[PDB]
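Novice: Shown below is the structure under consideration.
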Amino acid sequence: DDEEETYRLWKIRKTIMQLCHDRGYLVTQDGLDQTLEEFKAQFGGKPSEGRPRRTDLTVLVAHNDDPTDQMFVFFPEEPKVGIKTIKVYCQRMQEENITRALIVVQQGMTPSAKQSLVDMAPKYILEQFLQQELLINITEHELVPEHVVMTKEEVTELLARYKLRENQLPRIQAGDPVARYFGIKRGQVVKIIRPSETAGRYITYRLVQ
DNA sequence: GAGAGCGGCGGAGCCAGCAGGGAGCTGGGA
C-alpha cells in the first residue's frame, strides 16, 4: 500500500542515517531520529503520483575529520538499474567531484551494471545495496556483536605485539553483510568485541581478505 | 601313442555441463 511504501522509505532512510553515523560521517541527531509523521511532513505523504519521488531523498554527508570527503547516497528510479543509469550517476559524481557513493537498488541491477561498478572502482567507489537489505539494521541483532574498524597504525601495533603475519589472522569476506555495512575493503582489519561465557569479554581480530 | 607344455578362450550429497532466457551493442534505414 502507499502507507506501507512510505513507511518503507522512512525506515530505509533511518537505516542510511545509522550506516552513515557508524561509518564515521557527520549526521545530525534529529536526522538520526525522524518519526513517520515528521518524515511525511518533510518529504510528502503520498509518494505514488506525489511529492517524494525517490529523487529528492539523496543525502549529503561529510566525514568528521575531513569536510571534503563528501559521500552521497542515491535512490534510482527504475527497479532494474543499468549501465545508462549508473553512467548518469557517475557523470554527476564527476561534476560535483566526489569519490564515494551508495546506490539503493529496488530489487536488483543487471550483471553488466554490477561489472561496471567493478570496472569503475579505482577512481570512484560504488556500492550496491538492495532495498530489502536496508529495511533493517543488522548491527542491532543480538547475534551480531560489535565491529570496530581498526586504523593502519593500530594494525601495525597489533602485528608487532603478537608477532603475526597477515595470513595467520582469521578472515572475513568482503561480501559479508557487516563488511558491506561498514564499507570495509580488502586488506583492512576489523576488531570484534563480544561477551564471553567463561571470561566475560573476548576480542577477536579479522582480516578482510 | 603316451606324455606333456603352452596356446587360446542402495542411498545421500557436492561438482561439471548444457540449455534456456534477458541486457546490450551494432548495422540498416526513418
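Chain labels A, B, ... are given in the sequence in which chains occur in the C-alpha cells; within each chain residues are numbered consecutively from 1, and ligands are likewise numbered from 1 in the order shown.
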Just need the residues of chain A within 10 Å of chain B, counting only C-alpha atoms (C1' of nucleotides), so spit them out as a ChimeraX atom specification.

Specialist: /A:82-83,110-113

Novice: So that I can check the secondary structure, give me every residue of range 118-208 of chain A assigned strand (DSSP E) by backbone DSSP, as a VMD selection string.

Specialist: chain A and resid 125 to 130 146 to 149 171 to 172 189 to 196 200 to 208

Novice: Measuring between only C-alpha atoms, which one of A:38, A:207, A:129, A:180 shows the shortest distance to residue 155 in chain A?

Specialist: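 Among the listed residues, A:207 lies closest to residue 155 in chain A.
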
Novice: Mind pulling up the distance from CA of residue 191 in chain A to CA of residue 156 in chain A?

Specialist: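 These two atoms are separated by 13.5 Å.
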
Novice: Just the residues within 10 Å of residue 78 in chain A, please, counting only C-alpha atoms (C1' of nucleotides), with nothing from its chain fewer than 4 positions along; format it as a PDB file with N, CA and C atoms, in the first residue's frame.

Specialist:
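Generated file (selection.pdb):
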ATOM      1  N   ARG A  54      11.566   9.530  -4.965  1.00  0.00           N
ATOM      2  CA  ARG A  54      12.831   8.805  -4.813  1.00  0.00           C
ATOM      3  C   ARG A  54      14.027   9.550  -5.390  1.00  0.00           C
ATOM      4  N   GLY A  82      20.690  -0.019 -14.580  1.00  0.00           N
ATOM      5  CA  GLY A  82      21.534  -0.431 -15.682  1.00  0.00           C
ATOM      6  C   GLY A  82      22.729   0.465 -15.923  1.00  0.00           C
ATOM      7  N   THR A  85      21.823   4.280 -16.291  1.00  0.00           N
ATOM      8  CA  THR A  85      21.582   4.956 -15.019  1.00  0.00           C
ATOM      9  C   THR A  85      22.872   5.126 -14.227  1.00  0.00           C
ATOM     10  N   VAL A 105      19.301   0.022  -4.723  1.00  0.00           N
ATOM     11  CA  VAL A 105      18.525  -0.573  -5.801  1.00  0.00           C
ATOM     12  C   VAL A 105      17.228  -1.134  -5.229  1.00  0.00           C
ATOM     13  N   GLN A 106      16.142  -1.004  -5.998  1.00  0.00           N
ATOM     14  CA  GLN A 106      14.851  -1.543  -5.582  1.00  0.00           C
ATOM     15  C   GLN A 106      14.900  -3.060  -5.436  1.00  0.00           C
ATOM     16  N   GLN A 107      15.181  -3.772  -6.524  1.00  0.00           N
ATOM     17  CA  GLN A 107      15.246  -5.228  -6.472  1.00  0.00           C
ATOM     18  C   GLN A 107      16.595  -5.781  -6.900  1.00  0.00           C
ATOM     19  N   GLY A 108      17.126  -5.344  -8.032  1.00  0.00           N
ATOM     20  CA  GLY A 108      18.421  -5.825  -8.473  1.00  0.00           C
ATOM     21  C   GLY A 108      18.841  -5.112  -9.738  1.00  0.00           C
ATOM     22  N   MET A 109      20.154  -5.003  -9.902  1.00  0.00           N
ATOM     23  CA  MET A 109      20.730  -4.407 -11.097  1.00  0.00           C
ATOM     24  C   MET A 109      21.219  -5.497 -12.044  1.00  0.00           C
TER      25      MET A 109
END

Novice: Run DSSP on the backbone and grab whatever in range 36-143 of chain A lands in alpha helix (DSSP H); send it over as number ranges by chain.

Specialist: A: 36-43, 83-95, 111-119

Novice: Output N, CA, C and O atoms for every residue in that selection, as a compact mmCIF listing (two decimals), in the first residue's frame.

Specialist:
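Saved result, selection33.txt, follows:
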# COMPACT_ATOMS: atom_id res chain seq x y z
N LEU A 36 7.71 8.82 11.69
CA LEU A 36 6.94 8.67 10.45
C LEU A 36 6.18 9.94 10.11
O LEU A 36 6.17 10.36 8.94
N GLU A 37 5.55 10.56 11.10
CA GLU A 37 4.81 11.80 10.86
C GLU A 37 5.74 12.93 10.45
O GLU A 37 5.42 13.72 9.55
N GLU A 38 6.91 13.03 11.10
CA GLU A 38 7.87 14.07 10.75
C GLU A 38 8.43 13.86 9.35
O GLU A 38 8.60 14.82 8.59
N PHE A 39 8.71 12.60 8.98
CA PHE A 39 9.19 12.30 7.64
C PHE A 39 8.12 12.62 6.59
O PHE A 39 8.44 13.15 5.52
N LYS A 40 6.86 12.30 6.89
CA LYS A 40 5.77 12.61 5.97
C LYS A 40 5.60 14.12 5.81
O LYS A 40 5.37 14.60 4.70
N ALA A 41 5.73 14.87 6.91
CA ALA A 41 5.65 16.32 6.82
C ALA A 41 6.82 16.90 6.02
O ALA A 41 6.64 17.87 5.28
N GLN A 42 8.01 16.31 6.17
CA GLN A 42 9.18 16.86 5.49
C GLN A 42 9.17 16.55 4.00
O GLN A 42 9.49 17.43 3.19
N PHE A 43 8.81 15.33 3.61
CA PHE A 43 9.01 14.89 2.23
C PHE A 43 7.73 14.66 1.44
O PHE A 43 7.80 14.58 0.21
N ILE A 83 23.43 0.20 -17.03
CA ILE A 83 24.65 0.95 -17.35
C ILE A 83 24.32 2.41 -17.63
O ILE A 83 25.10 3.30 -17.29
N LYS A 84 23.16 2.67 -18.24
CA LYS A 84 22.77 4.05 -18.53
C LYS A 84 22.57 4.85 -17.25
O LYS A 84 23.09 5.96 -17.10
N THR A 85 21.82 4.28 -16.29
CA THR A 85 21.58 4.96 -15.02
C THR A 85 22.87 5.13 -14.23
O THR A 85 23.11 6.19 -13.64
N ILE A 86 23.72 4.10 -14.21
CA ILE A 86 24.97 4.18 -13.47
C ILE A 86 25.92 5.18 -14.12
O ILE A 86 26.65 5.90 -13.44
N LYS A 87 25.91 5.26 -15.46
CA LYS A 87 26.71 6.25 -16.16
C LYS A 87 26.24 7.67 -15.85
O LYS A 87 27.06 8.57 -15.67
N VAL A 88 24.92 7.87 -15.77
CA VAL A 88 24.38 9.17 -15.39
C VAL A 88 24.82 9.54 -13.97
O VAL A 88 25.28 10.66 -13.71
N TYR A 89 24.72 8.57 -13.05
CA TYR A 89 25.10 8.82 -11.66
C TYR A 89 26.59 9.10 -11.53
O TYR A 89 27.00 9.97 -10.77
N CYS A 90 27.42 8.37 -12.29
CA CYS A 90 28.87 8.57 -12.23
C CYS A 90 29.29 9.88 -12.89
O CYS A 90 30.24 10.52 -12.44
N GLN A 91 28.60 10.29 -13.96
CA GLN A 91 28.90 11.58 -14.56
C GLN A 91 28.54 12.71 -13.61
O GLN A 91 29.32 13.66 -13.44
N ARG A 92 27.39 12.59 -12.93
CA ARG A 92 27.01 13.54 -11.89
C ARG A 92 28.03 13.57 -10.76
O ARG A 92 28.39 14.65 -10.26
N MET A 93 28.49 12.39 -10.34
CA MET A 93 29.59 12.28 -9.40
C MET A 93 30.82 13.03 -9.90
O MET A 93 31.57 13.61 -9.11
N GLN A 94 31.03 13.04 -11.22
CA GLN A 94 32.18 13.74 -11.77
C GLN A 94 32.03 15.26 -11.68
O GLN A 94 33.00 15.94 -11.33
N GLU A 95 30.84 15.84 -11.98
CA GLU A 95 30.84 17.32 -11.89
C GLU A 95 30.77 17.80 -10.44
O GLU A 95 31.40 18.81 -10.11
N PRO A 111 23.77 -7.68 -14.47
CA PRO A 111 25.16 -8.12 -14.30
C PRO A 111 26.17 -7.24 -15.00
O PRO A 111 27.28 -7.06 -14.49
N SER A 112 25.82 -6.67 -16.16
CA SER A 112 26.70 -5.72 -16.82
C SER A 112 26.91 -4.47 -15.97
O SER A 112 28.02 -3.94 -15.89
N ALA A 113 25.84 -4.00 -15.31
CA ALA A 113 25.96 -2.85 -14.43
C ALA A 113 26.81 -3.15 -13.21
O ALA A 113 27.66 -2.34 -12.81
N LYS A 114 26.61 -4.32 -12.59
CA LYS A 114 27.41 -4.66 -11.42
C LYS A 114 28.86 -4.97 -11.79
O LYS A 114 29.74 -4.88 -10.93
N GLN A 115 29.12 -5.34 -13.05
CA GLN A 115 30.50 -5.43 -13.51
C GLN A 115 31.09 -4.05 -13.76
O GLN A 115 32.27 -3.82 -13.49
N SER A 116 30.28 -3.12 -14.28
CA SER A 116 30.74 -1.76 -14.50
C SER A 116 31.07 -1.07 -13.18
O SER A 116 31.93 -0.17 -13.15
N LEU A 117 30.40 -1.46 -12.10
CA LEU A 117 30.78 -0.98 -10.78
C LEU A 117 32.20 -1.42 -10.41
O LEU A 117 32.96 -0.65 -9.80
N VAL A 118 32.56 -2.65 -10.77
CA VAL A 118 33.92 -3.13 -10.52
C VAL A 118 34.92 -2.43 -11.43
O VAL A 118 36.04 -2.12 -11.01
N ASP A 119 34.54 -2.18 -12.68
CA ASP A 119 35.45 -1.51 -13.61
C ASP A 119 35.69 -0.06 -13.20
O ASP A 119 36.77 0.49 -13.42

Novice: Kindly indicate which residue among A:61, A:176, A:184, A:164 lies nearest to residue 20 in chain A, using only C-alpha atoms for the distances.

Specialist: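 Between A:61, A:176, A:184, A:164, the residue approaching residue 20 in chain A most closely is A:61.
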